[PDB]
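Chain A is the first sequence line, chain B the second, and so forth, proteins listed ahead of strands; every chain is numbered from 1. Note: hydrogens, waters and symmetry copies are ignored here, and every other heavy atom, side chains too, is used.
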Amino acid sequence: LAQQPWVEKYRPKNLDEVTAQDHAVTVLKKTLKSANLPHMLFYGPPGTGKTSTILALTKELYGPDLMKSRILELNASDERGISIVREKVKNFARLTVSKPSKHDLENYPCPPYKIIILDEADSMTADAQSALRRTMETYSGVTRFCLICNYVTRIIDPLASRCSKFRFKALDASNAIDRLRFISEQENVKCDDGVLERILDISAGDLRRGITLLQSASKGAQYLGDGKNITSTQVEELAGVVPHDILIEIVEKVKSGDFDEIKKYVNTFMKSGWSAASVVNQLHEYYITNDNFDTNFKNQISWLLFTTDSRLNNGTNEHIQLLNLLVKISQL
Amino acid sequence: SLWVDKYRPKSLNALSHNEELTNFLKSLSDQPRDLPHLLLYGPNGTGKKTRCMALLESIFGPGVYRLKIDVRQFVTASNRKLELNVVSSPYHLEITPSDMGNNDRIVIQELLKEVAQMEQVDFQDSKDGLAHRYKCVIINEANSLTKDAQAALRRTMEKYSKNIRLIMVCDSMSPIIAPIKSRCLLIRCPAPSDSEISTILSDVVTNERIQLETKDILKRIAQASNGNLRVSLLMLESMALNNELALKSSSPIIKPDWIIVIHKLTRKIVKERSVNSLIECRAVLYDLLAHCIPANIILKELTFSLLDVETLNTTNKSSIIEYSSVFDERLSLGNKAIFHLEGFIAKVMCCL
Amino acid sequence: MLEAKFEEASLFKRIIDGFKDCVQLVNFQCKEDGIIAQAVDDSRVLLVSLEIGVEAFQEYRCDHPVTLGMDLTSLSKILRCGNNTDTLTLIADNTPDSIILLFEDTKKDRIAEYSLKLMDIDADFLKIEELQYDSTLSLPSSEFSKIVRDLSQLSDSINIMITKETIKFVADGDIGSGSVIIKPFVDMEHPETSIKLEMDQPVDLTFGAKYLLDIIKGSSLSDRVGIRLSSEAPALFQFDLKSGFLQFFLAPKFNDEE
Amino acid sequence: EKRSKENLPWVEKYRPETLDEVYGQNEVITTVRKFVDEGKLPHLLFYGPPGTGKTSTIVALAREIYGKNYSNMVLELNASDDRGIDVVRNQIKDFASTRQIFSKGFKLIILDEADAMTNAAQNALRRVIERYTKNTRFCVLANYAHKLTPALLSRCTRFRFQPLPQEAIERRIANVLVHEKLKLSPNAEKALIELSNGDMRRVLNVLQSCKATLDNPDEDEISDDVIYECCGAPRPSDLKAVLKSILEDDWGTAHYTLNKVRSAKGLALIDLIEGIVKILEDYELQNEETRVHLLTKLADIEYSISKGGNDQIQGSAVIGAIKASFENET
DNA sequence: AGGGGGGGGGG
DNA sequence: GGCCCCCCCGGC
DNA sequence: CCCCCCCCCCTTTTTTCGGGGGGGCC
Ligand SMILES: Nc1ncnc2c1ncn2[C@@H]1O[C@H](COP(=O)(O)OP(=O)(O)OP(O)(O)=S)[C@@H](O)[C@H]1O
Ligand SMILES: Nc1ncnc2c1ncn2[C@@H]1O[C@H](COP(=O)(O)OP(=O)(O)OP(O)(O)=S)[C@@H](O)[C@H]1O
Ligand SMILES: Nc1nc2c(ncn2[C@@H]2O[C@H](COP(=O)(O)OP(=O)(O)O)[C@@H](O)[C@H]2O)c(=O)[nH]1
Ligand SMILES: [Mg+2]
Ligand SMILES: [Mg+2]
């Protein structure tokens, strides 16, 4: 509706709206007529369409009437301790399947099992996870398990072995452009050539972020009230991308090599609010793609950037990390 | 009331800096029905909370500024009764779950879902008595939340999208997890320029009848604030109160006590490098930490004061910054702040 | 300047006990007509309204309307130490920082008068303008207890449906589902166990286990309840007093599937 | 179950029912058969990695010993159930100290996944095991031996379940193909074994996915391309090309080749790193520190990837680490 | 390690 | 007899 | 009463789930 965000408004409803996950969507569709759906483990980067995919599968399998009575969904917002897993999940799995109505049996396949969707399974403790090993196996004939996670390493080996793994690929401009273009036409958003491709490139495998950026750009254009097409500079500004001029000044200061000047420039730069991750990514792109540096310089800078990114991913101060990275690069 | 609080703007049209951000906020508030979740990030003391309040006032009526404080009771797995101070408004809600430490997740799993799972009674500006809109919840200092709370929020912000909207203000996005960033609309709030800070200070002075011979006075305050506006206003007020409401060209810049203590520590470490000096630094660190001074701020200020020493060379500064970078991550992954501050100080003294 | 000599102090004790859990800080406006109060729940989801008329009090008089934000928990603390049959009065003065509760009795020995502190609670111009509510009825409270306590163990929803000649309580959960239907039933020898019901349009609204359980905890106040359900307005649960009543506007839960 | 067994997943549909259907554990199977054929059945400790067939083996042994009505004559306790000090004290002791109900026989207790049990329960079970040994026997199934107390280990005869050999997996695959009327190319079989890592559950899951992927299983043969598409794993040719470009080509072309290979089929960086590690493990390096640097840097990169982060930076780091490590060869 | 305290030997 | 609540280990 | 060996004994509390024990209401 008009009172919902575009990310939720254009959420897939069926399995035919999934764009770049055909390798698993085809298997899921075949399971509709095969009726032998196994335990599933959906893993991949954020914003790839895993929860949407499982919701669409459950809808197409059961119907809006049987969805409530055949699906049990537990996520990180509910207590999922060992006791909860041993009591509630066990009781639901061991229960008999709800009796479908003639309407549902006529218009839906109505598979003879229920589904438990453990979203954000990577947040569950190992002890709690170990309690499901026999639960899934014993009641496989009446219940099926769907574990959705972002880090596959957080799932214990027995559960990964029991579940069938499904990897969701990143959504880039080469496979997710069609959906973004369709959304743009539906919303009557006018954009210049390459704007959607730039949005998808900035998103880096996150269609939700791209949709949010498109919505923000459309809102800005509507508020402007000029009718001009959306450009790429405005999109970059809305995405927090550092201007190329600032990057040029940064690399020139690094090439200068003076510690005091670099420190002063970093102090001035950090007052603008630019995210450290974006700066590091832009610096990595510029330095790696440049042909004016030798093999050793790139060899060292790659490791330096990797270390800086790893340290930043732990939630540290951006100023200190950025200053250290720039100082190290200047001494390469 | 303090000048920093008495002259706070209460509307989007009253903002005096970052006009582009004001235009973006106005564009967002033009059609607030489809407003996505918002995440404001930028330097501290720039006006992120003021801009959020202005946006809320643009969306709802002026009645967003009538605030109340209530107390909420929570129970943990050990039957431990915890109290949370909730700041509420008829049109919006404000919460700071970090005040409960590792128990912040409970607030996500008990309070927010209570508000988002069902409707509200709106007997004002309505005909039926039931609300026909969404509620905006402001989670202050989202970067301080634990990973579990953010993971719990992941589905909460999605399955109640059109009933509740979240506006999260933070000074850094590094602690924020990728799923939360993906689910939020990023808004960058740059710090005000020196000229804008000087103009605001001049307006305050001329509205408070404060004698000022040269405007350059205010300019210095801006160079002493490093982009912060709240610090600038507080420093102006303190200087006016310390100089009989008359600023002079010879008036010194008033620094807070903790900054002076950190400077003493820095110029004691530089001058003396010994185990006894390290013990005295341990005592100083205990004194600093016992009085509600965050460890990260102490480390940052100590590092940036060491790098400002005119006697140290490039190699010493590089070693100091490398050690600071390592020990910042050590602090982020540790509990005892002094256990890492002492290590950083010892490494710095060794490298000198 | 103001007195509210009660016919029975237990009546006021039950009146206060009926909504102590829902709200704790409520403004009482004491006009010559009687006592009026309306407090918004701290979550801005439940409105506790209440009014006691001049008829209920044994002897009520006032010279100037006054609003007192006096606490409820302290009210219970004061009233719990009292006897059963008495004639509580609420005397005060021109500038009251405290209100003297005169626990008078027919006998001159069983007197337990106390003093209750007053506290400044802000009050707003809340409105309860009537709406064309689809259904409204009244039925005893023992059935409410036997139904709510029964259905709470099976689910967290006490969904109420009001159809012609039918009143349905529905509660579904993990263990199963439970539905209880009550219908117009009048006993000539025992009129108290009767339902007085009038509906205009069908209504169905899902309500919560904790809210109704708390409400029925305080249902000892009135032996009869009052249901009022609409289609777009907050349905209200009322407890009839001697001359007034105690209303509870509770917002219905949001429906995601519809 | 519901309806028929055809609706069950292949992992559960093909669960062995008898002992002769367990493959890859010939020594253990023969030993248990001999034990149960002449009455000398000691306490058993089946230690092994996931997907080896310990639970299936013990279930088949119980069925052979007791028969069809084996579920009512054995006490099966697993991590899904509550196994505390009180449970061991009361229920297990009563089961071990009481005669059979349905028919004459000895008492069997199967503590599956006992590695998730508390130390107090393990200590309590010692005297229960050593006191009712005449009429009761204990079987414990484990994946990690460090979670079991030494006292418990001393009282059980240890049997280790090795990863499934190649021939056993081929035989099971042939049986599954015969049952499902499916055809598999030899290269597809080799790829399946290579990616299987000795787990039969992976074999069954990947085979079911491949069957679902086929346009028409009646007259379509699964090839290596189908397996790679279903699992999304990189092809060996892509790994070889990426390694060649990294080793000999310059930075720009190596980066371009890696990006093109990853974007052609949406490959993941961790699988590429794993394949490169497998390929380089067979390289006859002339120096040791080169291998040390390779291993350390690749482990660091894998650990960083496990926690997320920027993928492009991680790939550049992989390339730089490989180049720097091979620079030491000279 | 530093300081206080109890008990046998000298005084 | 059953909840409900409080204190205390946790590696080999 | 006062002094000198010979040794002994004291210098002291905060903590994230899950399980166990033992006391108190009822
Ligand atoms: N394959 C997709 N096809 C179409 N839209 C998608 C797709 N993936 C994501 N989106 C869009 O982005 C929005 C969010 O998708 P999600 O289902 O939340 O991704 P996700 O994989 O569940 O993210 P995580 O791992 O739980 S943080 C959807 O409502 C869609 O509008
Ligand atoms: N030796 C085997 N022969 C045939 N199939 C096997 C064999 N081992 C495992 N499988 C197959 O994989 C499925 C699961 O085997 P399991 O008995 O559950 O392995 P497991 O050793 O008990 O796993 P863990 O250690 O409890 S995680 C079986 O139903 C079989 O279909
Ligand atoms: N005149 C003026 N003052 C502002 C403005 N924005 C912020 N301020 C002042 O700066 C003070 C601190 O801003 P604050 O909201 O605390 O920033 P935050 O803590 O980073 O979110 C405020 O109390 C205001 O007095 C503005 O736009 N115009
Ligand atoms: Mg999701
Ligand atoms: Mg098993």
Distance in angstrom units between [X] [atom1] and [N] [atom2], rounded:
X	N	atom1	atom2	value
B:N79	F:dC7	CG	P	12 Å
B:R80	F:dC7	CZ	P	13 Å
B:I338	G:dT14	CD1	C1'	16 Å
D:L148	F:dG11	CG	P	14 Å

Item to complete: Measure the acute angle between the ring planes of D:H43 and D:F138, then classify it against the limits of 30° and 60° as parallel, tilted or perpendicular.
Response: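 The rings of D:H43 and D:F138 sit tilted, inter-plane angle from 30° to 60°.
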
I'd like a list of close polar pairs between nucleotides 19-26 of chain G and the protein, N/O only, cut-off under 3.5 Å.
residue	atom	partner	partner atom	Å
G:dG19	OP1	A:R86	NH2	2.9
G:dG20	OP1	D:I85	N	2.6
G:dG21	OP1	D:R89	NH1	3.1
G:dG21	OP2	D:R89	NH2	3.4

Worksheet item: Looking only at N and O atoms, is any donor in the side chain of B:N335 or the base of G:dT14 less than 3.5 Å from an acceptor on the other one?
Response: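 Check fails, no donor-acceptor contact within cut-off.
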
Worksheet item: When you measure from the centre of the six-membered ring of B:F327, is the NZ or CZ of B:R330 under 6.0 Å away and within 45° of the axis?
Response: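 Here B:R330 passes the 6.0 Å and 45° test against B:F327.
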
Worksheet item: Do B:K81's NZ or CZ and the ring of B:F74 fall within the cation-pi criteria of under 6.0 Å and 45°?
Response: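 The answer is no; the distance or angle limit is not met.
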
Fill in: Salt bridge flag under 4.0 Å for residues C:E143 and C:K146
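Not counted as a salt bridge, because no side-chain N and carboxylate O are separated by less than 4.0 Å.
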
Practice prompt. For G:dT14, decide between syn and anti, treating a glycosidic angle within 90° of 0 as syn.
Written response: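 For G:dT14, whose glycosidic angle is more than 90° from 0, the conformation is anti.
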
Item to complete: State, without any angle test, whether B:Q150 and B:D148 hold a side-chain donor-acceptor pair at a distance under 3.5 Å.
Response: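 Short answer, no.
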
Worksheet item: Does any donor atom in the side chain of A:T316 or B:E329 lie under 3.5 Å from an acceptor atom in the other side chain?
Response: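 No.
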
Worksheet entry | Watson-Crick and G-U pairing of DNA chain E, under 3.5 Å, as dot-bracket with | and [ ] | |||||......

Discussion item. Using heavy-atom distances to pick each residue's nearest nucleotide on DNA chain G, tell me which of A:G81 and B:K336 is more 5'.
Written reply: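 Upstream on the strand: B:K336.
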
